[PDB]
Amino acid sequence: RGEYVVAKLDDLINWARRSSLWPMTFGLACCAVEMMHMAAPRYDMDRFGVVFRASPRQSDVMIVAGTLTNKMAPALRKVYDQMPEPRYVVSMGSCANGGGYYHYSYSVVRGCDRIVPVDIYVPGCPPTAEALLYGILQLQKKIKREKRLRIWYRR
Amino acid sequence: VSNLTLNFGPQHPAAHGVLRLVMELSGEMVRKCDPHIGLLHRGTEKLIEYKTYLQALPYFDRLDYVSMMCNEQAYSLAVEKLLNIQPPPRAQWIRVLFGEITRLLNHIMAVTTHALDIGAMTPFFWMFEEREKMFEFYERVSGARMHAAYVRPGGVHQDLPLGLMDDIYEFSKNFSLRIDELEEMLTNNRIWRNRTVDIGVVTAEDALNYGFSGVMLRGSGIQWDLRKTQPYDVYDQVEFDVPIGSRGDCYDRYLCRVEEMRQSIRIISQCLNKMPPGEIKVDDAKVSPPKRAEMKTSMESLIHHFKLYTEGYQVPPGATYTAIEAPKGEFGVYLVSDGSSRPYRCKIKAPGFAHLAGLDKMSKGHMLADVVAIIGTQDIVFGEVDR
Amino acid sequence: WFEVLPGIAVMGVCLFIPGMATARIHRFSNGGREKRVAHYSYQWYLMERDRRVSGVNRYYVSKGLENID
Amino acid sequence: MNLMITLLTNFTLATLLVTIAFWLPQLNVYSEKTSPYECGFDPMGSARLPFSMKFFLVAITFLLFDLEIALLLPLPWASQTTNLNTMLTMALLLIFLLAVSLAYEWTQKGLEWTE
Amino acid sequence: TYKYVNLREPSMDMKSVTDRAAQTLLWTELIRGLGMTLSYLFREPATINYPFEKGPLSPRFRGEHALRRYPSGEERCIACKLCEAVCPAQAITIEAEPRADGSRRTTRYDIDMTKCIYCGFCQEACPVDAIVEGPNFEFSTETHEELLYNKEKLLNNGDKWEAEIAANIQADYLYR
Amino acid sequence: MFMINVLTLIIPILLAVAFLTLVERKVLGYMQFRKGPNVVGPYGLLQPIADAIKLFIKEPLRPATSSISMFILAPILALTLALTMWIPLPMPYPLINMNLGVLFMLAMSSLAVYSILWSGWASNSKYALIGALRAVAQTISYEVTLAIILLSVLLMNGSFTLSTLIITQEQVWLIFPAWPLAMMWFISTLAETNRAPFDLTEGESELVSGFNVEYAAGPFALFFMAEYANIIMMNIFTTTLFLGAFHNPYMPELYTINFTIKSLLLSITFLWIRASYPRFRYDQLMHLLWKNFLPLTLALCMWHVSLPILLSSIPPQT
Amino acid sequence: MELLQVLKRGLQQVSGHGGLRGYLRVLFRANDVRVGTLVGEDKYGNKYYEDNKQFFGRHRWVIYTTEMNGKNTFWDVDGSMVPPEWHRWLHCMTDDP
Amino acid sequence: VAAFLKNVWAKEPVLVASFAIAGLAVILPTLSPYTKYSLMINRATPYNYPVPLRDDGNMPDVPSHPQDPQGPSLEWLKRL
Ligand SMILES: CCCCCCCCCCCCCCCCCC(=O)OC[C@H](COP(=O)(O)OCCN)OC(=O)CCCCCCCCCCCCCCCCC
Ligand SMILES: CCCCCCCCCCCCCCCCCC(=O)OC[C@H](COP(=O)(O)OCCN)OC(=O)CCCCCCCCCCCCCCCCC
Ligand code: SF4
Ligand code: SF4
Ligand code: SF4
């Protein structure tokens, strides 16, 4: 029986792949500062293995923080669009998660769903660094149950 | 032919906001730079026209998010000025206190992120720890972390929780030691200095025509301040002294920001010594809501509550321009009020919107690798510039 | 504070293994003692002389004074 | 031959590791291919290029200064002979000559790097 | 007053320029000063383990939007529409049909936590303190659907913790 | 038996790279007043395996290369050089004892730049080209200077053997006879690697490592590999050249221990320098080398050609 | 001379806290291994620990244990595992448990 | 001279010190007393087997038995 090997290896590539998950910080607006406080020493990211590094090609997952204007949106989807095929999007802040304090006028896009698909919505304005961190952890716990390979085994 | 057209980059790891940029250059030298601003523009001023004064205030919080209680102070001073009100003294003092605290924030950010952009991974960390202590103050004060208003027209509401000024004192005690630790971290570093010495200088009159107001005019000649010349509140009384520099060299501007942090410590101290125990909000029931004890059990307090929330206080018509000293330089809102509840047309003034327009001349003489430092040196937030 | 020093210890084992490796492997594969160093032709000549006079074809066993007897 | 075995190995492990690194990502669980890649228009990064003489000249002076460096390289063998006078004379002479080249190029408009 | 920096006379006199050739040349200030003030390393870093430890907060902190009710719960909300009227994001909805008893409550009371900026205004405006910003920040829903709250979800949020909120309000009502 | 030697040499330098990256993240962490990774495994010892197998498994990701040759050449070259550089380094015993030696390391270190020319060449992105040309420029300019230093500090050995270096070190570390040239050669070792201050970067900058560090995925775990391994090397070759311990035969692991400790501490100083100081702008760097280092190297050199004949001690070529 | 006190701190905490296997348990559970501090009013499966006040910010800490809501298992630790009142007193909201 | 050197040593210490190391490195090998020692050392190390010559019918010196002193003596190196 090889399905034991299947599930174990799943927990291997999954275990590691989630344990690191170092993203890129898109950081449009005042949610970006709070994110940096998640990178500050007190709430520090590194303990959890998340690394701070900037490039869409190295990017494991993406954090959309700040308000997404019409003018920025296409560039955003390009940054999404050159990325390692396994990828995840975490929407930070009331703005990007469905329009926040604006949701109106014109230039602002309403939600980041209308641009790219999204996984973890973390509300707050800004979401307290603890809350954002809880969002990343919950993303990890979405990575646990991926069970991606044994359905490639088609059983 | 030669030249080029290069473009921006999406983020440095600490990036606050994104610009594009188009620089027509020569071989590793920039002849023409033309920043494209307006990338992040959320259309606040159109929104404010649709929402009453008490409602539109968080816009004046988060248009410039880094420095916050300052912008609060700007809009509040505008509505008070136009509305013929004075806040009670204790309100003015608290407002000054958190004003200079906020200035300590925006300065420590500007400096540290200016380091992280250039190199120097660590000072960002050392100091933003203390910044986290600062937000630890806000969370007690206003009941939230960053954008929480805690400022109104006719004075602040919800005075300090019992035991706050002790913590304020305790931070203010050794902040001096820590900022001096930064001054050994830099300032005689051959690297940081020798990277920024003569880059992006400015002539005083030139800065006046380009309208720079802030650490720009400070560090380059032309001694000027709004704090000293046009005191807008009890911030007049307390003693302190502003720095200047004679080299106009962008290094002077740095050191001026530093010394403004230190002086901010002086102002915080004296403020902690002078605090009168008067009251929070003004006593006029129709400008600002009553506290709940009076709200209940008393009729007129209830009415003024209910209407003052639904409709909101009416402001007589007039055109005002108020200007304060915000850590990015002179900040102001131009209010236009139809006699009404809502405002009508209010255009904020972003110091970054001026300073940014100066990169054309300032960056004319240095190659792009230091155009980095040219942008980062003048405190700027592309959330404030656009609006 | 101590977080880094175990990692540094592991770097110490990790850079310290090839030294003891190569040294012990000389002191084993090459006989009881070190491998000769042939840099100059003379020393090589002496090596292959030891080789020929070993009868083992190896310069490990050096014979000895009594081999003439 | 021994070091040549070391080169055969060290070239293998390079090759092997490279191969593993190509297999596994396109041996991965699901590989999906859509997005267009525009080589397209000239201003994406930079634009065109008017390649500038400075860098090339740095390559050049890297040559001449190499040549003088390797011409100087055998000295540790030569520092011991029965003629010391001549030795000092032409070693100090030679690298002094290197420094003469450098001093000349440092006097003319060369280098100076802001242009 | 003006107190200005960098306007100074660098001494080209001897014993200053000694330490200037020493300074440029030998990197003493760089080495000693910086390398040592980083060798300041040993101070116990400030980091907190978030699952197992949590940072400080305040009784006035603003969490998520729990509705409250009286002892012997009446649905403390009167429907009076204020919290909706002062919402600076406009995100609230109230429709109130007088119920069986003749007292008035809300049929649909909704919030978009997306749109919500977490002011605190709806916490000030409620005459009876029906809605209060919770202490708990508990979030990270997997769908844009899940961030929209019915009157029902807000109730169940209120039932999940009250004596919490009762402790906060009972603490700070003297300030408001 | 011999392939056992090879494997015992090259596998531990790879493991050394992984756990090195760990120590990097930690030292920078606490240096920055914050704990490094604790939550991958205990204390952070599972972090490399994470980085390893994940960073291998993320899919190849872009673009049309335009050269199938170079793209799969450059990584193989960068590794192969980084692995064979370790051969002569003395240890108690070299594993290949070469008469010339140190200039062989110098030579391959000179070859190491084709991975940058070709790597940055096959991008098909005309910006990564320019970036690569520039990085080649600074690496090459510090291949000038360094060579002259070895050609000086060696002149107290008397031969290139790289073994006799450990014989010279017996009485006094070579740091004392020339400290300054050792200082210049330390900073020179910072040069090629482009550790801070000398690194290029993200945000706005030349972004050579933008596409260089981005592109080629797993093969970026390779360039990653050769860069860090090469670092550990230059630290070790410093530890051998400018200092060292006493070799007590019959117990070589003693010298191996002491050697190891000093080398590791030196690399620690690399990672914390990178924490410490900002970066130079590019031209100020290149002509900082041309301004000052190279002239003073010439002076110290000729002073080491003329010195040993003064004091009448000129070294004993064997 | 002084270091013996240090190794007595570590030796003490590992000895008294958890026993032989307990150090590995709590260690992989939470990479923070702290001296046993008081008791902390267990209530549900999750156990609480309030430090002697030695230092702020990391004042107090918790282990979530297992089985909450007859659902999930250990290794799933996150927020919201704390009940409301322990959410209050664990966040510095109030100094009274 | 004095002002010139003070100013070039105020501005560019690396270059002044470089010329100092240079010049002193030029002159000092001429003056120092130890020079000849190095030469006599370097000549005292044979790389090549000393090859005998027909003794009889010669002027006596550099005698047969290696102990017989008449030849050159590096004893000055034996104690130095
Ligand atoms: C008695 C007989 C004769 C005896 C003669 C003896 C004479 C001795 C005289 C002194 C000898 C030389 C001393 C060292 C010189 C090294 C080169 C140097 O001086 O560099 C300085 C240079 C100055 O920079 P700048 O001012 O920009 O340039 C001037 C250009 N007009 O550049 C700089 O300052 C910037 C360089 C910064 C490098 C990055 C930071 C490095 C930090 C760590 C450095 C220390 C490492 C120590 C080694 C570690 C272990 C090996
Ligand atoms: C399309 C590209 C295809 C090729 C890709 C290649 C990728 C890797 C390229 C980089 C690696 C280059 C390696 C060069 C090795 C040089 C070895 C050398 O010079 O060793 C010196 C040593 C001297 O010995 P010594 O100490 O004097 O004496 C011993 C005791 N008497 O010497 C000895 O002990 C004798 C050793 C002789 C062994 C034969 C050497 C053959 C070298 C063939 C090189 C082929 C590759 C060329 C480089 C390509 C670069 C792109
Ligand atoms: S959600 Fe709030 S804090 Fe975040 S970007 Fe929008 S306004 Fe700023
Ligand atoms: S806190 Fe939210 S619901 Fe309340 S008034 Fe503000 S945006 Fe509206
Ligand atoms: S203000 Fe209070 S009582 Fe009035 S409708 Fe809103 S929640 Fe209900």
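Reading the values: rules and limits
Residues numbered from 1 in each chain as written, not as in the entry; some residues may be left out. Chains lettered and ligands numbered in written order. Part of a larger assembly, values for the part shown. Heavy atoms only, no water. UniProt positions renumbered as here; feature names shortened; annotations may be inferred. Helix = DSSP H or I, 4+ residues; strand = E, 2+ residues; numbered from the N terminus. Rg over C-alpha atoms; globule rule 2.2 N^0.38 Å. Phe/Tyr/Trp six-rings, centres within 6.5 Å; stacked < 30°, edge-to-face > 60°. Buried < 20%, exposed > 50% of the residue type's maximum accessible area, 1.4 Å probe, protein only. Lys NZ or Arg CZ within 6 Å of the ring centre and 35° of its normal. Contact = heavy atoms within 4.5 Å. Buried area = accessible area lost by both parts, 1.4 Å probe. Salt bridge = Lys/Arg side-chain N within 4 Å of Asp/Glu carboxyl O. Pairing = 2+ DSSP bridges. Axes fitted to C-alpha atoms, helices over the stretch in contact; angles between N-to-C directions. Near = heavy atom within 4 Å. Nonpolar A, V, L, I, M, F, W, Y, C, P; charged D, E, K, R; others polar.

Identification of chain D as Mitochondrial complex I, ND3 subunit from Ovis aries is taken from the PDB entry. In the PDB, the structure is listed with the title "Entire ovine respiratory complex I". In UniProt, chain D has this text filed under Catalytic activity: "a ubiquinone + NADH + 5 H(+)(in) = a ubiquinol + NAD(+) + 4 H(+)(out)". Its UniProt record, at the heading Sequence similarities, says of chain D: "Belongs to the complex I subunit 3 family."

Chain B is annotated in the PDB entry as Mitochondrial complex I, 49 kDa subunit of Ovis aries.

**Student:** Please explain the overall build of chain D as it appears in this structure.
**Tutor:** Assigned secondary structure in chain D consists of four helices and zero strands. Secondary structure elements in chain D, listed N-terminal to C-terminal, are α-α-α-α. For chain D, whose C-alpha radius of gyration is 26 Å, the value lies well above the compact-globule estimate of 13 Å for 115 residues. By principal-axis analysis of the C-alpha atoms, chain D measures approximately 75 × 50 × 15 Å.

**Student:** Would you mind showing me how to read the packing of aromatic side chains here?
**Tutor:** Here a ring pair, both rings aromatic, is described through the centre-centre distance and the interplanar angle of the planes. Enumeration over the complete set of coordinates arrives at 45 aromatic pairs over all chains. For the ring pair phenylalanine 124 of chain B and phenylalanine 128 of chain B, a centre distance of 4.8 Å and an interplane angle of 70 degrees mean the geometry is edge-to-face. With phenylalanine 124 of chain B and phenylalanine 128 of chain B both in helix α5 (residues 122–142) and four residues apart, the pair spans about one turn of that helix. Summarising the burial analysis for this pair, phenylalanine 124 of chain B and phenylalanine 128 of chain B share the class buried. Taken together, a centroid distance of 6.2 Å and an interplanar angle of 35 degrees make the contact between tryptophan 77 of chain D and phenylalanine 160 of chain F tilted. Pair noted here: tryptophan 77 of chain D is in helix α3 (residues 75–78) and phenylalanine 160 of chain F is in the loop between α6 (126–153) and α7 (164–168), and the two residues belong to different chains. For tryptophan 77 of chain D, a relative accessible area of 30% gives the class partly exposed. Given a relative accessible area of 4%, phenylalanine 160 of chain F falls into the buried group. The rings of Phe52 of chain A together with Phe124, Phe125 and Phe128 of chain B are connected pair by pair, giving a single aromatic cluster. The aromatic ring of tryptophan 113 of chain D is capped on one face by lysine 54 of chain D, whose charged end is 5.4 Å from the ring centroid.

**Student:** How should I be thinking about the interface of chain F and chain D in this particular structure?
**Tutor:** By a widespread convention, an interface's size corresponds to the accessible area lost as its parts come together. Tallying the contact residues gives 60 residues for chain F and 53 residues for chain D. Looking only at chain F, the three residues that lose the most surface to chain D are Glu59, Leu151 and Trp290 of chain F, adding up to 12% of its buried area. Where chain F packs against chain D, one counts one salt bridge. Where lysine 126 of chain F meets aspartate 42 of chain D, a salt bridge forms, and the shortest distance between an N and an O atom there is 2.2 Å. Looking at the side of chain F that touches chain D, the elements that each hand over two or more residues are α1 (2–31), α2 (47–57), α3 (68–84), α6, α10 (217–241) and α12 (282–310) of chain F.

**Student:** Is there a simple way to think about the pairing of strand β2 (residues 60–63) of chain G in this case?
**Tutor:** For a regular strand, side-chain orientation follows a simple rule: the groups alternate between the two sheet faces. Residue and element names in this part refer to chain G. On β2, burial covers both faces: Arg60 and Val62 on one face and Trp61 and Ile63 on the other are all buried. Where strand β1 (residues 47–50) meets β2, four bridges bridge the pair, whose relative direction is antiparallel. Bridge assignment links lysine 47 to a residue of β2, and that residue is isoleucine 63.

**Student:** Whenever I open this one, the sheet that holds strand β3 (residues 108–112) of chain E confuses me. Can you help?
**Tutor:** Residues and elements named next belong to chain E. The strand order β2-β3-β5 describes an open sheet built from three strands, whose pairing is antiparallel. Both outer strands of the open sheet, β2 (93–95) and β5 (148–149), are each paired with one neighbouring strand and no more. Here β2 pairs with β3 via three bridges, running antiparallel. Looking at β3, one finds that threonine 93 is bridged to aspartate 110. On top of the sheet, helix α5 (residues 151–160) reaches β3 and β5; it is set at about 80 degrees to β3, its chief contact.

**Student:** Help me understand the site of ligand 3 in this model?
**Tutor:** Lining the immediate environment of ligand 3, one finds 13 residues, of which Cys30, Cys31, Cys95 and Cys125 of chain A together with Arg62 of chain B sit closest. This site is not confined to one chain, since residues near ligand 3 come from chains A and B. Among the elements that make up the shell around ligand 3, the one with the highest residue count is helix α4 (residues 93–96) of chain A (three residues). Of the residues belonging to the shell around ligand 3, the class tally is six nonpolar, six polar and one charged.

**Student:** So what exactly am I meant to see when it comes to the sheet that holds strand β4 (residues 329–337) of chain B here?
**Tutor:** Hydrogen bonds along the backbone pair up the strands of a sheet, which may run parallel or antiparallel. All names here are of chain B. In space, the three strands of this open sheet follow the order β3-β4-β5, with antiparallel pairing throughout. Single-partner strands in this sheet number two, and they are β3 (318–326) and β5 (345–349). The mean inter-strand angle of the sheet, taken between neighbouring strand axes irrespective of direction, is 10 degrees. The pairing of β3 with β4 spans nine bridges and is classified as antiparallel.

**Student:** Just to check I follow, could you spell out the arrangement of the chains for this structure?
**Tutor:** Comparison of the 19 pairs of chains in contact shows the highest number of contacts for chains D and F. At their nearest point, the C-alpha atoms of chain C and chain G are still 11 Å apart, with no contact between the two. With no contact formed, the shortest span from any C-alpha in chain G to any C-alpha in chain H equals 47 Å.

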